[PDB]
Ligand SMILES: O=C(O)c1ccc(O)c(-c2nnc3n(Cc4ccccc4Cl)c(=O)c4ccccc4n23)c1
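Presented as structure tokens, the chain that follows is alone, the form solved without the ligand.
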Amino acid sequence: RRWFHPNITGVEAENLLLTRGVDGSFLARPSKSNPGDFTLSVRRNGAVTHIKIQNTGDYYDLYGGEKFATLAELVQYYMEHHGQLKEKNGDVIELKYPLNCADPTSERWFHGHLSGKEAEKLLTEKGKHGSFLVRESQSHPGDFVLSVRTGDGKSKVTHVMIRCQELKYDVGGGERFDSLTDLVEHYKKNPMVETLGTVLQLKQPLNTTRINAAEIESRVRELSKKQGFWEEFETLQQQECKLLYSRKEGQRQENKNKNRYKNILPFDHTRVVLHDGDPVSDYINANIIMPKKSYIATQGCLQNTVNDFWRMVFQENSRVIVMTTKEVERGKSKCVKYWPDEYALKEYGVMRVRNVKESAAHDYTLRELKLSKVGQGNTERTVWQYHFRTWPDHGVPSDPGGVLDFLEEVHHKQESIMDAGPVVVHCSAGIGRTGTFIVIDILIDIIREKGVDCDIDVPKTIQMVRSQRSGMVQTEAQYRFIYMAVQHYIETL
């Protein structure tokens, strides 16, 4: 993900492309005018074009282009679909040459100001064999140190000096690298060997995000001090080029119109496969998400996917559905009404649904549904639809109390139902709000059964969920809200 530059301005992007790029070179960067948005900066015929990318919480919206689940999938799409990106006037913008960033601030292993002994205590406490980090040198300004743990007495910490000479980095001899990232990547593949023989293997960065549950308030205070939240979120975003798993089934011609957004697709390896269809009937835009409960993350139904939605719910034995959007928000349709009116009964293809009773709370409506296969009364089961209604049109809720009390009720419903399947969670595209609810539920469930004596690692949890559906958790404001929800839950114990 070298083409994303987290700390550059528009002017700096123009100069970088004009002095170090060619026609077809590109980078992406956060938008300094509109916080939370991003800009694609592309060079063409010796001129730079800036293309705005919005994310209000549901997807990345490329102005004059399509909607995507991550910046990496967006870049992958246009680099592999030439003449697909059109401009203002309608002319082709070619993304050909990523312009690599040299900034290490978004790398998991870069700690900046850190003493040799502070790094030793961190590596002693949370480090493993091959855990490493890079820090500024405390004696030679402008130089850095690579601190590695290999392995009382059986393990050690080795400090390797990295000198910076003319904006090139080296470990005292050999090759000179254009960035710390290149240096780390090289000595990851070609590990340094010590004179006496020890191999300084760079296996994984030192974890700094896993904390004890009781430490959340302190960590939140730290991140609240360009704030730590932004830095941690962007570092997580920098890992998304590891998650470009294939989505071939969703791109098939017969499945295209089963997607609310043509380029927001389920990974083939975790997609819910619909099994006994009408003699392509196996496709729905949905993924299994596994952390005790499992989830299905899915989009709001389209008119032509309501039948497939109920086949999924039936086949997977799901007994709880969590809907996190209104049907209509800001005059836009985000989910068709896939359930009957209270007391009514409808057939959706071969599936029959009765709306038994609705119960309203302030934050949500609960719909007691009875689902069965037509022609087979012995297949009936109750499906409890929790329709969250108070998520704001802009941003995230200011207080997590409503979301937390909602998930607490959903969790107890699920736990009270013997052998219930995954909980279905959906919004519009099924990645932003849907990922946020699912991540909070996963973290809360650890604390619910372990109290404060448990580790929580928010970005690791998100990355694990992002490997099972694209772009789970869309924004920094959602990232922050997840931390705020976890803090509030721990405090009300």
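A residue's number is simply how far along the shown sequence it sits, counting from 1.
The form deposited with the ligand bound is left out here; the points below concern that form.
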item: Partner contact for residue 245 in the entry with it bound: the ligand, 4.5 angstroms, heavy atom; value: yes
item: is_contact(residue 419, the ligand) in the entry with it bound, heavy atom dist at most 4.5 Å; value: no
item: Contact label in the entry with it bound: residue 125 to the ligand, heavy atom within 4.5 Å; value: no
item: Partner contact for residue 414 in the entry with it bound: the ligand, 4.5 angstroms, heavy atom; value: no
item: Contact assignment for the ligand in the entry with it bound, among 81, 269, 188, 129, heavy atom within 4.5 Å; value: 81
item: Contact residue in the entry with it bound, chosen from 77, 177, 283, 97 - any heavy atom within 4.5 Å of the ligand; value: 77
item: Among 158-166, 258-266, 376-384, 352-360, the region lying within 4.5 Å of the ligand in the entry with it bound by heavy atom distance; value: 258-266
